[PDB]
Every structure is written in C-alpha cells, then in structure tokens.
Amino acid sequence: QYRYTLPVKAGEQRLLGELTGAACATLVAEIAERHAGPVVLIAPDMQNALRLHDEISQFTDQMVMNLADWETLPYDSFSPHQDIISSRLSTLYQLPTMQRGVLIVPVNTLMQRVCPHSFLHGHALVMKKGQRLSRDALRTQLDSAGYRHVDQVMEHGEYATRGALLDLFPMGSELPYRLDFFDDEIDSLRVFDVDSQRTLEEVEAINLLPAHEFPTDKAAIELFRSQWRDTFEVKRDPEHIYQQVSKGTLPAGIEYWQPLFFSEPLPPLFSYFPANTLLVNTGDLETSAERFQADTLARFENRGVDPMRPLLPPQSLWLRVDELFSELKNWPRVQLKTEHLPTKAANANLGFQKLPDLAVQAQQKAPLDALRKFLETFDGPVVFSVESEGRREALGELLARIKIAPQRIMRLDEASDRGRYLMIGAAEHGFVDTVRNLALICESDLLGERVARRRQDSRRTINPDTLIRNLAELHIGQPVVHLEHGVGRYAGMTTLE
Amino acid sequence: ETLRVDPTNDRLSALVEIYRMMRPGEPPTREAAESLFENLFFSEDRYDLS
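Residues numbered from 1 in each chain as written, not as in the entry; some residues may be left out. Chains lettered and ligands numbered in written order. Part of a larger assembly, values for the part shown. Heavy atoms only, no water. Residues with missing side-chain atoms left out of burial classes, pairs and counts.

Per the deposited record, cryo-EM is how this structure was determined, to a resolution of 3.6 Å.

If you want it as structure tokens, here you go:
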C-alpha cells in the first residue's frame, strides 16, 4: 500500500518532507510507477537535472527523457549546434501525447517560449509505403522544410538524392532512411546504418520533422524583415544580421530572434503539456526562476547596446516569473522539500532520515568498524547500489572483510524483511526509510571526506633551556636563532608599515 | 548642426560608438565600453598630464 495521495486538481499542492539526497529519486520513481499521467519533474537547475537523469533510471524501468537546453546563456552569441535541436524538438513532437513516463526539465527551458504547434505540426509530414508522391516533389518538400543536400549523410538534417535512390535523416527519429522512388512514388522505407551503409530492415511508415525551431523559407524571411522594420531599425552593414539574413544566411546567435520569425506570441510550452499532467518540484522555484530572470535582465542590459545586432525585450522571448507562477496553477504540484514541514492536509512528512556515519578508515585496525556495527544492529533490509559492475568487486572483497555477501536485485521493492542486497545505478547518498525500515548505503557513504594535511610542529619543544621563555629582557646584540632562517644578532625593537 | 549630424541619442550608445571607433571588431558590451571610456581619460594611471 502507498504512503500519500496523488493530487489531481487545478493548482493544488502536495508537500512531501523530511527527504534527503538520493531519496527524491525513489519518491518520483514510485510517482511514475503509481500515477496514470506523464510526470514532468522540474529541477531547480540543469546541473541537478542531469544528476536526476541518472538516478531515476536506477530506480525505475519507466521511460525517461530530458528536454535539451540550448547550451548558451540568454542573449548569447552561439548557434546551439543543431544536433541538440534534433533531440529537443523531437520531444516536442511526443509531448502532445505521452501517457506515462517522466520528463526532466530545468527552470531555464521551463520558462522559455517555444515554437507553436502550427509550425511544427504543419511542417511535419509522414511517408508511408503507398504514396504516389514524386521524387523531385519530395526533394522540393524537403527543401521547403529546410534540410541540407549532401551525398555523405552522417548527421541530422541531411539528405541525398541520386536518380531513383533517395535517403534522408529525419530530425525526429534517430536513424536514417532510404527511399528508392520508382514511377514517381515511394517503394521502400529501408533503415540503413550511418556506419554499415546497408539496409538493416524495412518499415512501412515513418515521420519527418522540419529543419529547426523556426521556419527558414523566403516567405518567413520576408515576414522577419517586416517585423524587424516594425520594431527595430536597420543599418546597411554586411555583419548586421538584418541584411545578413537578407543575404539568406542565418547568423550565430539567431535563435534568440525567435518571436520575429513567427508573427504570433510564442506559447509558454504549457500548451505542450497533456491535460492530465502532474508536476513535481525540487528545491524552491521562487528563488531559482527569479535569479535566472535577474541574470537574463542583467545580461540583456549589458548587451542591449551595440546596435549592430540589437536585442529583443525578454518579456516576449522568456516568461516572467509572475506569469510562470500563475500559469503553474493549471497543473497539480507535488513539492519535495528537504525540510521538516510541520502539519496540514495535502502534506505528509515521510521519514527518509540520514544514515549514521559509516566512515571507513585504515588508521584503526578494523576498517569497517562502523559498517559492521551498524549492519548487525540493524533490523531491516540494506541495499548498497554500486555504480559500476567492476566497482561491485570493490564491494565484494570489502564486505568479505566482515564476510558479507549480498543479493543482486533489480527493483528496490525486491527488498525483503532483513538482509543485504546490491544493485546498479548512480545514487550517491544513502538514507533510512522509517516506514519500511530500508537502508541505502551508497558508494560515497564509505569514502565521505576529502583530507588535506601534511605535517606540523617538528621541533616545537618550547620548554628547552634555550627558548629563553620569550622574556623580552634581552640586551641588544645577543645572538638569536630563528628556526626557519638561522643564527644572527638581535638588534632591538622597530616600527614599520 | 553637429547634434543634427550626430546619429546618437543618449550616453550609452555614445559609449558604444566610441568603443566601435576605438576597437574594430569586438562586439561591444556595456561594462567594456564604460570601462574603456572611464580609463581613457579619467584614470590616474592610464592617463596623466604632468
């Protein structure tokens, strides 16, 4: 049976407390395994999110992904290395409908506005077995999408056409496809490897997504020029991005000119969430989102100069935190807090307390003293959760020193009443679950503290008949030894700066 | 008449224009331009009438 209740309502909260590191993973794991509805975990920072992308896998077999952030700052000067984009919008295709599974988004890409479904749905297409769709017609369709024709297709957004045989790499999928158009029609959907160059197998239907997160064709470029001449001004210069896209080429930092390419306000991606979707929160959003917006505004006013490439106002490209915390109130929320929340309904404090210090040191004759004392006096199941299988050998002989051989189980629920168990993952701080009395003892729980010390106080025997007791009654001129430098003559008091 | 031929309307774009005349390339920022102008004539170490 469970321990708390899932919330389904407009903007209500469910507060879970007393939690410590590498237990948020198992809570949201049981959330995924118990709730019908996609779970979007919104991390307080992308760094933390990356860590979570490991640990959730360790505790569940349910489908997980991240939403790929552009790896540049707000108002930066770099294209996001469109490979990343290939991942990113792919999730935006499936995000309209995903019944189970978890998506981990940091607050940064949570508040960014994204391209509307009009563009992505319109410029997506399907290719089946039996279309009477012509060869160069499909090539021109790919052109209007905005892909790139190369004969050596290896990465995303690449296609080749050679007589009857055609191949391309859709930005949504992960493998390329070969076409073999005959009588102006599709006849084969053959997946051939980027390394083998030979057909692995034959599918019947597959989907195609456009170039990247904004259109590129000439109508869109005319729309871009119209909206620039509406808002900003123009100056004739071959580096000024107005005329530089009038030459057709997209600049480096063009992805921050999102709303100009689109003729409508950009959705805040909450429309991209399904209707029955639950959010879980970690840390405190009210601080991290606000700090990110302050950083964005500071970087904007720092860069809202250099009229050669001027910039947008963030109140269109990024959400405002008040708008974010209003639009959150259409999705039920579960806040995981690392703090003891006192009492109210929709609020349960789950005992997930700290493990006692099982520190291992060879200075004492018995290294595993705390471990051997703790495990024997414990009364419930203990799981070790080694990172790598080779590191599992690092388990095996060390637990052989007190002669302990654990079981290998996959799911945490395979813990029994009492015993020793090992599994594989990336969790880093164990804990004790008081409700089922579980123990988790991670890799870093036995190698906790980094130490830096060399030596001190070699000849400090300050009671020798020669230390002179620091009496300060010595006459000027009597020789004196300094331990670091040597022997000399004392020459009195002085005043310096 | 110099105000009329001047294509600049405020202090910060003026500092940016001074930066872009000073250093070709190097797309200017705010702190870089204001620091350049503040140490161009008003620093006791990088500018000194005897």
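Let us look at the domain arrangement of chain A. On domain assignment, one finds that chain A holds domain 1 (118-208) and domain 2 (352-440). On a C-alpha basis, the centroid separation for the pair domain 1 of chain A and domain 2 of chain A is 52 Å. (Domains from an automatic or database assignment.)

Residue and element names in this part refer to chain A. Between helix α1 (residues 24-34) and helix α2 (residues 46-59), whose axes approach to 9 Å, the crossing angle comes to 60°. As far as their axial angle goes, α2 and α1 are oblique. Crossing angle aside, the handedness with which α1 passes α2 is right-handed. Residue-level contacts link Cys 24, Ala 25, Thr 26, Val 28 and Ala 29 of α1 to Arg 51, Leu 52, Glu 55, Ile 56 and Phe 59 of α2. Taken together, the residues of the contact of α1 with α2 break down into 7 nonpolar, 1 polar and 2 charged. (Axes fitted to C-alpha atoms, helices over the stretch in contact; angles between N-to-C directions. Helix = DSSP H or I, 4+ residues; strand = E, 2+ residues; numbered from the N terminus. Parallel < 35°, antiparallel > 145°, perpendicular 65-115°, else oblique. Left-handed = near helix turned anticlockwise from the far one by under 90°. Contact = heavy atoms within 4.5 Å. Nonpolar A, V, L, I, M, F, W, Y, C, P; charged D, E, K, R; others polar.)

Residues and elements named next belong to chain A. Most of strand β13 (residues 278-282) is tucked away: 5 of the 5 residues are buried. In β13, alternate side chains face the same way, and those of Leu 278, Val 280 and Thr 282 on one face and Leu 279 and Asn 281 on the other are all buried. Note: strand β2 (residues 39-43) against β13, 4 bridges, orientation parallel. Bridge pairing in β13 places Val 40 opposite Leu 279. The sheet contact formed by β13 and strand β14 (residues 333-336) spans 4 bridges and is parallel. Bridging from a neighbouring strand, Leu 279 pairs with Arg 333 of β14. (Buried < 20%, exposed > 50% of the residue type's maximum accessible area, 1.4 Å probe, protein only. Pairing = 2+ DSSP bridges.)

This part takes up the interface of chain B and chain A. At the interface, 8 residues of chain B touch 7 residues of chain A. The contact between chain B and chain A buries some 670 Å² in all, and 56% of this surface belongs to carbon and sulfur atoms. Our enumeration of links across chain B and chain A arrives at 1 salt bridge. Where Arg30(B) meets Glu301(A), a salt bridge forms, and the shortest distance between an N and an O atom there is 3.5 Å. Among the elements of the structure, α2 (11-22) and α3 (30-41) of chain B are those that each provide at least two residues to the side of chain B that touches chain A. Per-class residue counts for the side of chain B that touches chain A are 4 nonpolar, 1 polar and 3 charged. (Buried area = accessible area lost by both parts, 1.4 Å probe. Salt bridge = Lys/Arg side-chain N within 4 Å of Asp/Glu carboxyl O.)

Each aromatic ring pair is described using two quantities: the centre-to-centre distance and the angle formed by the ring planes. Residues and elements named next belong to chain A. This structure, assessed with the given rule, holds 20 aromatic pairs over all chains. Where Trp 228 meets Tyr 242, the ring centres are 5.6 Å apart and the plane angle is 55°; that geometry is what we call tilted. In this pair, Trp 228 sits in helix α7 (residues 218-231) while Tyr 242 sits in helix α8 (residues 241-246), placing the two residues 14 residues apart along the sequence. Residues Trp 228 and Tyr 242 agree in their burial class; the two are buried. Cation over ring: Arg 34 sits above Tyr 4, and NZ or CZ is 5.1 Å from the ring centre. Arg 178 extends its terminal NZ or CZ atom over the ring of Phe 192, reaching a point 4.5 Å from the ring centre. (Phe/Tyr/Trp six-rings, centres within 6.5 Å; stacked < 30°, edge-to-face > 60°. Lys NZ or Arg CZ within 6 Å of the ring centre and 35° of its normal.)

Let us look at helix α3 (residues 83-94) of chain A. Of the residues making up α3(A), those classed as buried are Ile84(A), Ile85(A), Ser86(A), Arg88(A), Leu89(A), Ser90(A), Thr91(A) and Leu92(A). On the buried face of α3(A), the contacting elements are β3 (64-66), β4 (102-106), α4 (107-111) and α5 (117-122) of chain A.

Further remarks concern helix α12 (residues 369-377) of chain A. In an α-helix, one full turn covers 3.6 residues, which means residues spaced three or four apart are oriented alike. Residue and element names in this part refer to chain A. Residues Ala 370, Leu 371, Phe 374 and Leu 375 constitute the buried set of α12. Buried residues of α12, viewed axially, fall in a sector of 115°; they line one side. Exposed residues lying more than 90 degrees from the buried face of α12 are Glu 376 and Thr 377. (Arc of directions from axis to C-beta.)

Let us now look at unusual backbone geometry. All names here are of chain A. Phi at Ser 263 takes a positive value of approximately 65°, unusual for a residue other than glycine. Here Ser 263 lies in the loop between α8 and β13. Backbone geometry at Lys 403 places phi at a positive 60°, although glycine is not the residue there. Mapped onto the secondary structure, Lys 403 falls in the loop between α13 (389-398) and β18 (407-408).

Time to look at the sheet that holds strand β20 (residues 431-433) of chain A. Residue and element names in this part refer to chain A. With respect to topology, 6 strands assemble into an open sheet ordered β16-β20-β21-β17-β19-β18, the strand pairing being mixed. Edge positions in the open sheet fall to β16 (352-353) and β18, since each of these has one partner strand only. Here 2 bridges tie β18 to strand β19 (residues 419-422), and the two strands are oriented parallel to one another. Each bridged residue has a counterpart across the sheet, and for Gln 407 the counterpart in β19 is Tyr 421.

Let's shift gears to the side chain of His212(A). All names here are of chain A. With respect to the helices and strands, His 212 occurs in the loop between β12 (206-208) and α7. Residue class for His 212 comes out buried when judged on its relative accessible area of 15%. Ignoring any residue separated from it by four or fewer positions in sequence, one finds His 212 in contact with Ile 85, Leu 89, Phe 119 and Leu 250.

Residues and elements named next belong to chain A. Read from one edge to the other, the open sheet built from 7 strands follows the order β3-β4-β2-β13-β14-β1-β15, with strand pairing classed as parallel. One side of each edge strand has no neighbouring strand; the edge strands of this open sheet are β3 and β15 (347-349). Neighbour to neighbour, the strand axes of the sheet diverge by 20° on average, direction disregarded. Strands in contact with α2 are β2, β3 and β4; relative to β4, the strand with the most contacts, it is inclined by about 160°.

For the rest of this paragraph, the subject is the nonpolar core. Residue and element names in this part refer to chain A. Membership of the largest hydrophobic core comes to 68 residues, with the highest contact counts inside it found for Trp 257, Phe 270, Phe 273 and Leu 324. In this view, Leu 324 contacts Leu 110, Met 111, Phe 270, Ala 289 and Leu 319; residues no more than four positions away in its chain are not counted. Grouped together as the second largest cluster of nonpolar side chains are 38 residues, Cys 24, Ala 43, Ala 49 and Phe 352 included. (Core = buried A, V, L, I, M, F, W, Y, C linked by side-chain atoms within 4.5 Å.)

What follows is about the state of the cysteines. Any covalent bond linking the sulfur atoms of two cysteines counts as a disulfide. Residue and element names in this part refer to chain A. Tallying each qualifying case throughout the model produces 0 disulfides over all chains. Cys 442 supplies the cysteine sulfur nearest to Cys 24, a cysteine that is in no disulfide, at a spacing of 11 Å. Owing to a relative accessible area of 8%, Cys 24 belongs among the buried residues under this scheme. (Disulfide = S-S within 2.5 Å.)

All names here are of chain A. Applying the stated criterion across every chain yields a total of 20 salt bridges over all chains. For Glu 213, the salt bridge goes to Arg 88, with nearest N and O atoms at 3.0 Å. Note that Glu 213 is positioned in the loop between β12 and α7 and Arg 88 in helix α3, a separation of 125 residues in sequence. Residue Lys 129 pairs with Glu 202 through a salt bridge whose shortest N-O separation is 3.0 Å. One end of the pair, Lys 129, is in the loop between β5 (125-127) and α6 (135-145); the other, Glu 202, is in strand β11 (residues 199-202), with 73 residues separating them in the sequence.

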